[PDB]
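Quick look at final.txt (compact mmCIF, C-alpha atoms):
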```txt
# COMPACT_ATOMS: atom_id res chain seq x y z
CA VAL A 31 5.60 -23.48 -12.21
CA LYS A 32 6.37 -19.87 -13.22
CA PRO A 33 3.47 -17.49 -13.77
CA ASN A 34 2.48 -16.09 -17.16
CA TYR A 35 0.83 -12.79 -16.24
CA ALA A 36 -0.30 -11.10 -19.43
CA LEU A 37 -1.91 -7.71 -19.93
CA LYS A 38 -5.69 -7.89 -20.24
CA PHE A 39 -6.93 -4.32 -19.61
CA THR A 40 -5.63 -0.79 -19.29
CA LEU A 41 -7.69 1.54 -17.13
CA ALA A 42 -7.52 5.23 -18.05
CA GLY A 43 -9.15 8.19 -16.38
CA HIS A 44 -6.94 9.71 -13.72
CA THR A 45 -5.41 13.03 -14.79
CA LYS A 46 -2.30 12.93 -12.60
CA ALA A 47 -0.10 10.19 -11.12
CA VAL A 48 -1.96 7.22 -9.73
CA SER A 49 -0.80 6.60 -6.13
CA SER A 50 -2.42 3.35 -4.94
CA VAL A 51 -4.65 0.51 -6.15
CA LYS A 52 -6.42 -2.04 -3.91
CA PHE A 53 -8.81 -4.95 -4.59
CA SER A 54 -11.97 -5.15 -2.49
CA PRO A 55 -11.96 -8.14 -0.14
CA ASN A 56 -15.04 -9.56 -1.93
CA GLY A 57 -13.09 -9.65 -5.19
CA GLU A 58 -15.56 -7.49 -7.12
CA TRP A 59 -13.83 -4.12 -7.30
CA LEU A 60 -10.56 -2.25 -7.65
CA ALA A 61 -10.17 1.16 -5.99
CA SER A 62 -7.55 3.64 -7.13
CA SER A 63 -6.33 6.88 -5.57
CA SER A 64 -4.49 9.66 -7.38
CA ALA A 65 -2.61 12.93 -7.15
CA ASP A 66 -5.63 14.29 -9.09
CA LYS A 67 -7.57 14.30 -5.77
CA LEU A 68 -9.89 11.53 -6.95
CA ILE A 69 -10.73 7.96 -6.04
CA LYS A 70 -11.99 5.73 -8.86
CA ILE A 71 -13.75 2.35 -8.65
CA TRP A 72 -13.33 -0.25 -11.43
CA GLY A 73 -14.52 -3.80 -12.03
CA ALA A 74 -11.88 -6.19 -10.68
CA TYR A 75 -12.12 -8.72 -13.52
CA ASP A 76 -12.50 -6.50 -16.61
CA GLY A 77 -11.42 -3.06 -15.43
CA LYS A 78 -14.82 -1.56 -16.23
CA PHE A 79 -15.09 1.99 -14.91
CA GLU A 80 -17.72 2.15 -12.16
CA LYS A 81 -17.55 5.54 -10.41
CA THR A 82 -15.51 8.53 -9.26
CA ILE A 83 -15.42 9.54 -5.61
CA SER A 84 -14.42 13.13 -4.82
CA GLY A 85 -14.04 15.51 -1.89
CA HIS A 86 -10.39 15.82 -0.86
CA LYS A 87 -8.91 19.30 -1.30
CA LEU A 88 -5.49 18.02 -2.37
CA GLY A 89 -4.01 14.87 -3.88
CA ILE A 90 -4.35 11.42 -2.30
CA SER A 91 -1.47 9.06 -1.49
CA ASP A 92 -3.35 5.91 -0.38
CA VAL A 93 -6.79 4.31 -0.21
CA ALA A 94 -7.94 1.14 1.61
CA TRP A 95 -11.05 -1.07 1.90
CA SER A 96 -13.00 -2.19 4.92
CA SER A 97 -13.39 -5.94 5.39
CA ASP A 98 -17.00 -6.00 4.19
CA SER A 99 -16.09 -4.11 0.97
CA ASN A 100 -18.54 -1.32 1.87
CA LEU A 101 -16.19 1.45 3.02
CA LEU A 102 -13.00 3.13 1.87
CA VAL A 103 -10.52 5.32 3.72
CA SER A 104 -8.16 7.69 1.87
CA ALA A 105 -5.03 9.58 2.99
CA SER A 106 -4.46 13.05 1.53
CA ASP A 107 -1.97 15.92 1.23
CA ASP A 108 -4.79 18.02 2.72
CA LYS A 109 -3.73 16.56 6.12
CA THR A 110 -6.93 14.55 6.52
CA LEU A 111 -8.26 11.09 5.94
CA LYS A 112 -11.79 10.58 4.66
CA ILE A 113 -14.07 7.60 5.22
CA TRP A 114 -16.30 6.92 2.21
CA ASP A 115 -19.44 4.93 1.66
CA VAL A 116 -18.61 3.10 -1.57
CA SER A 117 -22.20 2.59 -2.75
CA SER A 118 -23.25 6.24 -2.41
CA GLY A 119 -19.78 7.71 -2.98
CA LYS A 120 -20.32 10.12 -0.09
CA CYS A 121 -17.87 11.16 2.60
CA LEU A 122 -19.00 9.84 6.00
CA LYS A 123 -16.22 11.30 8.13
CA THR A 124 -13.19 13.52 7.81
CA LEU A 125 -10.41 12.47 10.18
CA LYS A 126 -8.52 15.54 11.37
CA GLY A 127 -5.38 15.67 13.46
CA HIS A 128 -2.27 15.11 11.36
CA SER A 129 -0.11 18.20 10.89
CA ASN A 130 1.35 17.27 7.50
CA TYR A 131 0.52 15.09 4.47
CA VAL A 132 -1.25 11.84 5.35
CA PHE A 133 0.59 9.12 3.46
CA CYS A 134 -0.77 5.67 4.28
CA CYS A 135 -3.84 4.06 5.78
CA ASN A 136 -5.61 0.79 6.57
CA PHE A 137 -8.65 -0.63 8.35
CA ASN A 138 -8.23 -3.35 10.96
CA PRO A 139 -9.85 -6.71 10.15
CA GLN A 140 -12.87 -5.89 12.36
CA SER A 141 -12.92 -2.53 10.52
CA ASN A 142 -13.94 -0.57 13.62
CA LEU A 143 -10.49 1.10 13.53
CA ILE A 144 -8.34 2.88 10.96
CA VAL A 145 -4.59 3.35 11.25
CA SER A 146 -2.78 6.18 9.44
CA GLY A 147 0.79 7.33 8.96
CA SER A 148 1.89 10.83 8.06
CA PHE A 149 4.80 13.03 7.05
CA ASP A 150 4.31 14.51 10.54
CA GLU A 151 6.23 11.39 11.73
CA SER A 152 3.27 10.02 13.70
CA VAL A 153 0.90 7.09 13.51
CA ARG A 154 -2.73 7.67 14.48
CA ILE A 155 -5.47 5.18 15.40
CA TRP A 156 -9.01 6.34 14.65
CA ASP A 157 -12.49 5.19 15.57
CA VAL A 158 -14.47 4.56 12.37
CA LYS A 159 -17.91 5.16 13.93
CA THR A 160 -17.12 8.50 15.60
CA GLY A 161 -14.49 9.69 13.14
CA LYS A 162 -12.32 10.78 16.06
CA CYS A 163 -8.70 10.00 16.89
CA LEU A 164 -8.18 7.50 19.70
CA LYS A 165 -4.38 7.45 19.89
CA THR A 166 -1.46 9.40 18.49
CA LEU A 167 1.77 7.37 18.55
CA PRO A 168 5.14 9.15 18.56
CA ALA A 169 6.14 6.44 16.17
CA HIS A 170 9.12 7.62 14.17
CA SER A 171 11.82 10.26 13.60
CA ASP A 172 11.03 10.79 9.89
CA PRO A 173 7.98 10.40 7.60
CA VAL A 174 5.86 7.26 8.14
CA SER A 175 5.74 5.36 4.86
CA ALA A 176 3.36 2.49 5.68
CA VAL A 177 0.98 1.15 8.34
CA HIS A 178 -0.75 -2.27 8.45
CA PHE A 179 -2.74 -4.28 10.99
CA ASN A 180 -2.06 -7.96 11.58
CA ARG A 181 -4.73 -10.61 11.07
CA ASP A 182 -6.63 -10.10 14.33
CA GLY A 183 -5.99 -6.35 14.55
CA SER A 184 -3.99 -6.69 17.76
CA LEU A 185 -0.77 -5.41 16.16
CA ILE A 186 0.17 -2.56 13.86
CA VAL A 187 3.40 -2.49 11.88
CA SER A 188 4.74 0.90 10.80
CA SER A 189 7.76 1.88 8.69
CA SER A 190 9.68 5.10 8.23
CA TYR A 191 12.52 6.84 6.44
CA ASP A 192 14.22 6.71 9.86
CA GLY A 193 15.21 3.15 8.91
CA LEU A 194 12.93 1.45 11.44
CA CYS A 195 10.02 -0.93 11.35
CA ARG A 196 8.05 -0.87 14.58
CA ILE A 197 5.35 -3.18 15.86
CA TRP A 198 2.72 -1.60 18.12
CA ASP A 199 0.14 -3.04 20.47
CA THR A 200 -3.13 -1.68 19.07
CA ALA A 201 -4.96 -1.67 22.40
CA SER A 202 -2.38 0.39 24.34
CA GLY A 203 -0.50 2.11 21.54
CA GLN A 204 2.77 0.93 23.12
CA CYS A 205 5.73 -0.38 21.14
CA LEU A 206 6.29 -4.17 21.25
CA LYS A 207 9.33 -4.49 18.99
CA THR A 208 11.64 -2.48 16.72
CA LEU A 209 13.21 -4.20 13.70
CA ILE A 210 16.79 -2.93 13.32
CA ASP A 211 19.34 -2.68 10.46
CA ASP A 212 23.01 -1.71 10.98
CA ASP A 213 23.06 -0.14 7.54
CA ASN A 214 19.74 1.58 8.27
CA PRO A 215 18.36 2.44 4.83
CA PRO A 216 15.02 4.31 4.69
CA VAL A 217 12.08 1.89 4.94
CA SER A 218 9.45 2.70 2.30
CA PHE A 219 6.83 -0.03 2.82
CA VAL A 220 5.82 -2.74 5.33
CA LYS A 221 3.03 -5.33 5.51
CA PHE A 222 2.22 -8.44 7.55
CA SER A 223 2.24 -11.72 5.64
CA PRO A 224 -0.88 -13.83 4.83
CA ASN A 225 -0.08 -16.30 7.66
CA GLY A 226 0.47 -13.49 10.14
CA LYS A 227 4.02 -14.38 11.16
CA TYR A 228 6.24 -12.48 8.69
CA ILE A 229 6.63 -8.83 7.73
CA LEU A 230 7.61 -7.76 4.22
CA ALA A 231 9.66 -4.54 4.22
CA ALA A 232 10.93 -2.42 1.34
CA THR A 233 13.98 -0.22 1.69
CA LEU A 234 15.19 2.53 -0.64
CA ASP A 235 18.34 0.62 -1.57
CA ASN A 236 16.56 -1.54 -4.17
CA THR A 237 15.72 -4.28 -1.65
CA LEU A 238 12.73 -6.14 -0.24
CA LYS A 239 13.13 -8.28 2.87
CA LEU A 240 10.95 -10.88 4.56
CA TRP A 241 11.34 -10.60 8.33
CA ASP A 242 10.51 -13.23 10.90
CA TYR A 243 8.44 -11.15 13.33
CA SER A 244 8.85 -13.56 16.26
CA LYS A 245 12.65 -13.76 16.01
CA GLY A 246 13.13 -10.18 14.84
CA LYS A 247 15.37 -11.07 11.91
CA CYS A 248 15.52 -11.24 8.11
CA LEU A 249 14.71 -14.55 6.38
CA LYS A 250 14.58 -13.66 2.66
CA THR A 251 15.97 -10.84 0.50
CA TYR A 252 14.64 -9.93 -2.97
CA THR A 253 16.60 -7.79 -5.43
CA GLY A 254 16.89 -6.97 -9.11
CA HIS A 255 14.39 -4.14 -9.25
CA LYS A 256 14.89 -0.37 -8.86
CA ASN A 257 13.66 1.37 -5.73
CA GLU A 258 15.52 4.36 -4.29
CA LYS A 259 13.05 7.25 -4.63
CA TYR A 260 9.40 6.26 -4.04
CA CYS A 261 7.28 4.36 -1.54
CA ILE A 262 6.25 1.46 -3.78
CA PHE A 263 3.68 -1.05 -2.51
CA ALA A 264 4.60 -4.74 -2.39
CA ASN A 265 2.45 -7.83 -2.01
CA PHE A 266 2.28 -11.50 -1.26
CA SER A 267 0.62 -13.36 -4.13
CA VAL A 268 -0.99 -16.50 -2.73
CA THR A 269 -3.80 -17.52 -5.09
CA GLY A 270 -1.41 -19.61 -7.19
CA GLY A 271 2.36 -19.85 -6.96
CA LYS A 272 3.75 -18.19 -3.87
CA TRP A 273 5.22 -14.91 -5.08
CA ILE A 274 6.36 -11.51 -3.94
CA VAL A 275 5.07 -8.73 -6.23
CA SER A 276 6.30 -5.15 -6.46
CA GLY A 277 6.44 -2.12 -8.69
CA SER A 278 9.78 -0.67 -9.72
CA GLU A 279 11.31 2.60 -10.86
CA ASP A 280 12.33 1.04 -14.21
CA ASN A 281 8.58 0.91 -15.10
CA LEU A 282 8.24 -2.86 -14.61
CA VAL A 283 6.26 -5.08 -12.26
CA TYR A 284 8.56 -7.59 -10.61
CA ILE A 285 7.45 -11.04 -9.47
CA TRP A 286 9.76 -13.22 -7.34
CA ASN A 287 9.46 -16.75 -6.04
CA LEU A 288 9.02 -16.21 -2.28
CA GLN A 289 11.10 -19.24 -1.30
CA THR A 290 13.92 -19.13 -3.85
CA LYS A 291 13.98 -15.34 -4.28
CA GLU A 292 14.44 -15.79 -8.03
CA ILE A 293 12.70 -13.33 -10.33
CA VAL A 294 10.03 -15.37 -12.14
CA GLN A 295 8.46 -12.61 -14.24
CA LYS A 296 8.82 -8.95 -15.16
CA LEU A 297 5.69 -7.28 -16.58
CA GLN A 298 6.40 -4.69 -19.25
CA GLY A 299 4.03 -2.02 -20.53
CA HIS A 300 3.91 0.94 -18.16
CA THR A 301 5.75 4.12 -19.22
CA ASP A 302 6.49 5.55 -15.78
CA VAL A 303 7.38 4.29 -12.29
CA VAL A 304 5.06 1.52 -11.12
CA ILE A 305 4.15 2.96 -7.74
CA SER A 306 1.55 0.38 -6.73
CA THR A 307 0.58 -3.22 -7.28
CA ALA A 308 -2.16 -5.36 -5.74
CA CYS A 309 -3.15 -9.03 -5.92
CA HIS A 310 -6.71 -10.25 -6.28
CA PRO A 311 -7.96 -12.13 -3.20
CA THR A 312 -9.02 -15.33 -5.03
CA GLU A 313 -8.02 -15.20 -8.74
CA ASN A 314 -4.55 -14.96 -10.29
CA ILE A 315 -4.90 -11.28 -11.22
CA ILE A 316 -2.51 -8.39 -10.55
CA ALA A 317 -3.31 -4.68 -10.76
CA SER A 318 -0.52 -2.14 -11.30
CA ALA A 319 -0.49 1.66 -11.48
CA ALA A 320 1.99 4.26 -12.63
CA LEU A 321 3.16 7.85 -12.11
CA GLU A 322 2.45 11.04 -14.15
CA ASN A 323 3.83 10.13 -17.56
CA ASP A 324 1.58 7.07 -17.68
CA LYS A 325 -1.28 7.56 -15.20
CA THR A 326 -2.98 4.28 -16.10
CA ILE A 327 -3.79 1.14 -14.16
CA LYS A 328 -3.17 -2.24 -15.77
CA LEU A 329 -4.84 -5.59 -15.06
CA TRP A 330 -2.78 -8.71 -15.72
CA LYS A 331 -3.97 -12.33 -15.56
CA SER A 332 -2.00 -15.56 -15.19
CA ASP A 333 -3.00 -19.21 -15.66
CA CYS A 334 -1.22 -20.09 -12.41
CA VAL B 4703 3.29 21.72 -1.74
CA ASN B 4704 4.17 18.58 -3.63
CA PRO B 4705 4.53 19.65 -7.28
CA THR B 4706 3.27 16.25 -8.57
CA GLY B 4707 0.09 16.63 -6.52
CA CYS B 4708 0.58 14.14 -3.69
CA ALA B 4709 3.35 13.02 -1.35
CA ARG B 4710 3.63 9.50 -2.73
CA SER B 4711 4.25 10.64 -6.33
CA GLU B 4712 6.97 13.06 -5.19
CA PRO B 4713 10.51 11.68 -5.34
CA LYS B 4714 12.28 11.53 -1.97
CA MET B 4715 14.88 14.21 -1.28
CA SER B 4716 18.39 13.25 -0.14
```

Whole structure given in structure tokens:
Amino acid sequence: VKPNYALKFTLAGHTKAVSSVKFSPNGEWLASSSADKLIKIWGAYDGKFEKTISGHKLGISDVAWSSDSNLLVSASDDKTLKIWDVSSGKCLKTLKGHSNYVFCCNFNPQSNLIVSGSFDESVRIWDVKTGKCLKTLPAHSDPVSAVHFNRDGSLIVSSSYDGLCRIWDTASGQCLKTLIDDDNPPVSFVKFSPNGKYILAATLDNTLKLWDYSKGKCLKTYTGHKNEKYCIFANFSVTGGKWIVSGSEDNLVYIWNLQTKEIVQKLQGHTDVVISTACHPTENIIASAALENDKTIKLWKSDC
Amino acid sequence: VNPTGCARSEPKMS
């Protein structure tokens, strides 16, 4: 049965483009990052402003939660990542090493490691406790648009404008597999699926694809949206109907049926590119965020 | 610099 996501709250406060929103694993909070150099924390269910976290010298392209909902990591144009204690709002560590904008980041499930991708075309693996880089992977031949650990942290998937998705062995940093397209469009986002066996990849030819990791081939293709210019997050929605969720450059949130690939909803309201969406871990709630003409985050709820 | 303030909000060049 098709979802009926409806706008419940609009979250204002950032002063430039929002870049990324993420729900805490415990379901309590939403974190947002922005080109305004700030991270903001909001109540996950009602969008209530909680706090602002500051320290980066330039704008931020991504933020991510640790598994216990206590830490954040952010990726900044200032060429660093920062690890934050959410409760105090203080910077615990500044991760230095990248030679150009840091674009994407994630903790592993154990949350002892952070992975980052940068416009310097590398992927780095960092130790959370020491704040020091463990491995630098010569991952790609163009900017790295996304990085994500699998469900036991043993694998990292990375994507790049070079047209490749690569899967890396976390422990050794060595490449296990490269996912290949003849037509080779820039890859703007990748993420492992909730069951651990698929990878969802966005390409800048208005397409999302679900890849079978084991077989190294595409299973599902999702189209209808607009995506040629920005690295827009995408998600698996699993709390109710099994959907794929993405932002779009026509200012809409798109929701597809994972199995049938049919568009089941388009959420209207934003007035600029929807750069980021996230799905609540237990409730049927979507967060979306938009670029500079809008600069708000919206919370949508569905009955199913 | 990225005129919009961060890499992700900057449109990709050809």

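The chain B residues that come within 6 Å of chain A are residues 4707, 4708, 4710, 4713 and 4714 of chain B, with only C-alpha atoms taken into account.
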
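When atom CA of residue 63 of chain A is paired with atom CA of residue 169 of chain A, their separation reads 25.1 Å.
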
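Every protein or nucleic acid residue with an atom no more than 7 Å from residue 38 of chain A, counting only C-alpha atoms and leaving out same-chain residues fewer than 3 positions away, appears here: residues 329, 330 and 331 of chain A.
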
Just-selected residues, C-alpha atoms written as a PDB file, keeping the file's coordinate frame:
```pdb
ATOM      1  CA  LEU A 329      -4.840  -5.590 -15.060  1.00  0.00           C
ATOM      2  CA  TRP A 330      -2.780  -8.710 -15.720  1.00  0.00           C
ATOM      3  CA  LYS A 331      -3.970 -12.330 -15.560  1.00  0.00           C
TER       4      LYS A 331
END
```

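Atom pair atom CA of residue 311 of chain A / atom CA of residue 53 of chain A: separated by 7.4 Å.
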
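Considering all atoms listed in the file, the residue among A:166, A:314, A:223, A:100 positioned nearest to residue 115 of chain A is A:100.
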
Q) Got a sec: who's within 10 Å of residue 290 of chain A, counting only C-alpha atoms, leaving out chain neighbours fewer than 4 positions off, as a PyMOL selection string? A) chain A and resi 250-252+273+286+294

Q: Find the spatial neighbours of segment 137-145 of chain A, counting all atoms listed in the file, within a cut-off of 10 Å - ignore same-chain residues fewer than 3 positions away - and output them as a PyMOL selection string.
A: chain A and resi 94-98+101-103+111+113+125+134+153-161+163-166+176-188+200

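A straight line drawn from atom CA of residue 310 of chain A to atom CA of residue 199 of chain A is 28.5 Å long.
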
Which centre and edge lengths in Å to one decimal define the box along x, y and z that fits every listed atom of segment 4703-4707 of chain B plus 6 Å per side, as lines of an AutoDock Vina configuration file?
```
center_x = 2.3
center_y = 19.0
center_z = -5.2
size_x = 16.4
size_y = 17.5
size_z = 18.8
```

Reconstruct segment 158-182 of chain A at the level of N, CA, C and O atoms, and format the result as an mmCIF file, in the coordinates of the input.
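Contents of part23.cif, as written:
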```cif
data_model
loop_
_atom_site.group_PDB
_atom_site.id
_atom_site.type_symbol
_atom_site.label_atom_id
_atom_site.label_comp_id
_atom_site.auth_asym_id
_atom_site.auth_seq_id
_atom_site.Cartn_x
_atom_site.Cartn_y
_atom_site.Cartn_z
ATOM 1 N N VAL A 158 -13.706 4.431 13.615
ATOM 2 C CA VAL A 158 -14.470 4.560 12.370
ATOM 3 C C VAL A 158 -15.856 5.171 12.597
ATOM 4 O O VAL A 158 -16.280 6.054 11.847
ATOM 5 N N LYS A 159 -16.540 4.720 13.645
ATOM 6 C CA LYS A 159 -17.910 5.160 13.930
ATOM 7 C C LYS A 159 -18.004 6.645 14.298
ATOM 8 O O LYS A 159 -18.912 7.344 13.849
ATOM 9 N N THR A 160 -17.059 7.128 15.098
ATOM 10 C CA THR A 160 -17.120 8.500 15.600
ATOM 11 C C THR A 160 -16.299 9.447 14.744
ATOM 12 O O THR A 160 -16.512 10.661 14.770
ATOM 13 N N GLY A 161 -15.362 8.890 13.981
ATOM 14 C CA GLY A 161 -14.490 9.690 13.140
ATOM 15 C C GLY A 161 -13.438 10.458 13.922
ATOM 16 O O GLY A 161 -12.808 11.382 13.398
ATOM 17 N N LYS A 162 -13.241 10.071 15.179
ATOM 18 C CA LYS A 162 -12.320 10.780 16.060
ATOM 19 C C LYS A 162 -11.060 9.962 16.346
ATOM 20 O O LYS A 162 -11.083 8.725 16.336
ATOM 21 N N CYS A 163 -9.961 10.660 16.595
ATOM 22 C CA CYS A 163 -8.700 10.000 16.890
ATOM 23 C C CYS A 163 -8.718 9.411 18.288
ATOM 24 O O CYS A 163 -9.143 10.073 19.240
ATOM 25 N N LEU A 164 -8.277 8.161 18.410
ATOM 26 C CA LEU A 164 -8.180 7.500 19.700
ATOM 27 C C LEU A 164 -6.782 7.643 20.286
ATOM 28 O O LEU A 164 -6.624 7.923 21.478
ATOM 29 N N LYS A 165 -5.769 7.427 19.450
ATOM 30 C CA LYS A 165 -4.380 7.450 19.890
ATOM 31 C C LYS A 165 -3.479 8.094 18.857
ATOM 32 O O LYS A 165 -3.647 7.876 17.660
ATOM 33 N N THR A 166 -2.532 8.898 19.328
ATOM 34 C CA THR A 166 -1.460 9.400 18.490
ATOM 35 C C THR A 166 -0.160 8.797 19.024
ATOM 36 O O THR A 166 0.184 8.976 20.201
ATOM 37 N N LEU A 167 0.545 8.061 18.169
ATOM 38 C CA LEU A 167 1.770 7.370 18.550
ATOM 39 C C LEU A 167 2.971 8.146 18.054
ATOM 40 O O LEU A 167 3.077 8.438 16.862
ATOM 41 N N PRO A 168 3.893 8.489 18.967
ATOM 42 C CA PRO A 168 5.140 9.150 18.560
ATOM 43 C C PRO A 168 6.045 8.087 17.950
ATOM 44 O O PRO A 168 7.026 7.631 18.535
ATOM 45 N N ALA A 169 5.684 7.694 16.737
ATOM 46 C CA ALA A 169 6.140 6.440 16.170
ATOM 47 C C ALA A 169 7.554 6.468 15.608
ATOM 48 O O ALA A 169 8.293 5.489 15.718
ATOM 49 N N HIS A 170 7.920 7.584 14.985
ATOM 50 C CA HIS A 170 9.120 7.620 14.170
ATOM 51 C C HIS A 170 9.814 8.986 14.175
ATOM 52 O O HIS A 170 9.245 9.971 14.639
ATOM 53 N N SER A 171 11.028 9.028 13.639
ATOM 54 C CA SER A 171 11.820 10.260 13.600
ATOM 55 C C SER A 171 11.913 10.855 12.193
ATOM 56 O O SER A 171 12.755 11.711 11.932
ATOM 57 N N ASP A 172 11.045 10.391 11.294
ATOM 58 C CA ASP A 172 11.030 10.790 9.890
ATOM 59 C C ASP A 172 9.638 10.394 9.377
ATOM 60 O O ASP A 172 8.876 9.760 10.112
ATOM 61 N N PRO A 173 9.294 10.780 8.132
ATOM 62 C CA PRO A 173 7.980 10.400 7.600
ATOM 63 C C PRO A 173 7.645 8.899 7.736
ATOM 64 O O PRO A 173 8.520 8.032 7.604
ATOM 65 N N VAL A 174 6.379 8.630 8.022
ATOM 66 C CA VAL A 174 5.860 7.260 8.140
ATOM 67 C C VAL A 174 5.348 6.798 6.785
ATOM 68 O O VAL A 174 4.372 7.348 6.247
ATOM 69 N N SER A 175 6.002 5.785 6.232
ATOM 70 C CA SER A 175 5.740 5.360 4.860
ATOM 71 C C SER A 175 4.651 4.300 4.717
ATOM 72 O O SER A 175 4.050 4.199 3.653
ATOM 73 N N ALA A 176 4.392 3.523 5.767
ATOM 74 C CA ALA A 176 3.360 2.490 5.680
ATOM 75 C C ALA A 176 2.866 2.115 7.060
ATOM 76 O O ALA A 176 3.612 2.216 8.037
ATOM 77 N N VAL A 177 1.608 1.678 7.122
ATOM 78 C CA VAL A 177 0.980 1.150 8.340
ATOM 79 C C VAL A 177 0.053 -0.010 7.955
ATOM 80 O O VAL A 177 -0.657 0.066 6.947
ATOM 81 N N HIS A 178 0.049 -1.073 8.758
ATOM 82 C CA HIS A 178 -0.750 -2.270 8.450
ATOM 83 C C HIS A 178 -1.087 -3.010 9.729
ATOM 84 O O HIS A 178 -0.221 -3.184 10.589
ATOM 85 N N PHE A 179 -2.344 -3.440 9.869
ATOM 86 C CA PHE A 179 -2.740 -4.280 10.990
ATOM 87 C C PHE A 179 -2.431 -5.740 10.688
ATOM 88 O O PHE A 179 -2.520 -6.182 9.536
ATOM 89 N N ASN A 180 -2.117 -6.504 11.729
ATOM 90 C CA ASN A 180 -2.060 -7.960 11.580
ATOM 91 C C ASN A 180 -3.455 -8.590 11.481
ATOM 92 O O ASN A 180 -4.466 -7.890 11.429
ATOM 93 N N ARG A 181 -3.506 -9.915 11.462
ATOM 94 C CA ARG A 181 -4.730 -10.610 11.070
ATOM 95 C C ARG A 181 -5.870 -10.603 12.084
ATOM 96 O O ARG A 181 -7.023 -10.856 11.732
ATOM 97 N N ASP A 182 -5.566 -10.282 13.335
ATOM 98 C CA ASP A 182 -6.630 -10.100 14.330
ATOM 99 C C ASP A 182 -6.714 -8.659 14.832
ATOM 100 O O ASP A 182 -7.432 -8.374 15.790
#
```
